[PDB]
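What follows is a single chain, given as structure tokens, in the form deposited in one PDB entry.
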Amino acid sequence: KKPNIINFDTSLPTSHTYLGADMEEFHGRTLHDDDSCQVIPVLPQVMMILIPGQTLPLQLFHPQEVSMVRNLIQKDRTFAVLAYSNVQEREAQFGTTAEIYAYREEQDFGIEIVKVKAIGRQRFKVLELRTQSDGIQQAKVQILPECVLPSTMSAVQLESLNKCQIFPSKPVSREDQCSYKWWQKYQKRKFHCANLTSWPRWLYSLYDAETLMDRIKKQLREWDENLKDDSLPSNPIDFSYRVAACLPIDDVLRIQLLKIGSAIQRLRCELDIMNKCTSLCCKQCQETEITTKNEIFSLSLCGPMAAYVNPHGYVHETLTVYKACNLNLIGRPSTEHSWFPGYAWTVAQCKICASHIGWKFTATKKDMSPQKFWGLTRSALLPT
């Protein structure tokens, strides 16, 4: 429980200086026409459900994938990441397209190892998984559309009380008696036309966009001390994607939130999960508590969970906890490729099964969080 002093300058982890510094950057964005079928290459050796807006680092070594990256960059820069189900071996029906923005090629070790960073952009469905003899299979991809709905009172609204539907900004910021009182009048004035329908105002508040985001922000701030507008988007779509990325949930739930096509439904699902979720247990054991619900913080602007690459290319999603339980450390704290600029990782293992639950990030300087940082991964971590 370390409050107040959280001095890390929590933006470096979302820059990945471990993965090379002089990283070549790419100008901007792209767009795929909605409800269209395209041909997208699939980069292999990746097994993770990449939520849109989530950064994915990558190290690629094999010649086929390097050449695939090469001809991708010279023709568009988008590939496909498939949301693999519980069954492996190409048992995927949905996925997301990752766009490159950061590139470097290294000739070291007599190899053409490529260090590349991407972020997901769109959401899609695979019709059939076509396989190409080169090794890089291309799928024919159908762009699953994004649904944004109007206000639930827009249909039943009165044409007079319409100029009374632009609220003054939230008073001050993140202050009591400035929220519980502001939100009451906000609900009272926004859903005044709920009297014409057959439902109470609070029911329509359960399907509101601002209200659901506010509840998620409140609970998240209860977990970690967020900086109000600490890169949390105002758009419900982007906020839903960020929260879905940062929730410590199992794979089936991520696939389920990936299936949802509307922001409001996604937010209701996320509240259901994070209100019904208390403990996170070791998947290989399903018997030992390494964590809890209140003990989750963020050194990254992307939240308590982020995607990182070890020097062997494997991708890990890491969760930060103050004081982990039932973990044993082995090895001296070393800092060759620590993903956090200033700490020294020590591998931790389950007290019974001895699985790579994560790392303990001990400090190096003295004006840091002192040896209290467990970056546990998801390979053995099931919500319970």
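Think of the rigid core as the biggest set of C-alphas that the two forms share within 1.5 Å after superposition. Residues that one form lacks are left out of the comparison. The numbering used is simple: start at 1 and walk along the sequence shown.
Note: missing coordinates for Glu270 occur in none of the other compared entries bracketing this position, so the one-third threshold is not reached. Where the other entries of this protein model the residues before and after it, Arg121 is kept in all of them rather than dropped from a third.
One more form of this protein, deposited in another entry, exists but is not displayed; see below.
Among the candidates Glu289, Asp134, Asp214, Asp272, displacement between the shown form and the other one reaches 2 angstroms at the C-alpha for one position only, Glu289 (superposition on the rigid core). Fitting the two forms on the rigid core leaves the C-alpha of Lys228 displaced by at least 2 angstroms between the shown form and the other one. Once the cores line up, the CA of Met48 ends up less than 2 angstroms apart between the shown form and the other one.
Relative to the superposed core, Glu89 undergoes a Cα shift of 2 Å or more between the shown form and the other one.
Figure legend: C-alpha atoms of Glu175 and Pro236, shown here, are separated by at least 3 angstroms more in the other form. The pair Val81 and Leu280 is at least 3 angstroms farther apart at the CA level in the other form than in the present model. Residues present in both forms were compared between the shown form and the other one after fitting on the core; consecutive runs of three or more with every C-alpha moved by 2 angstroms or more are 86-90, 172-178, 228-231, 278-300, 317-384.
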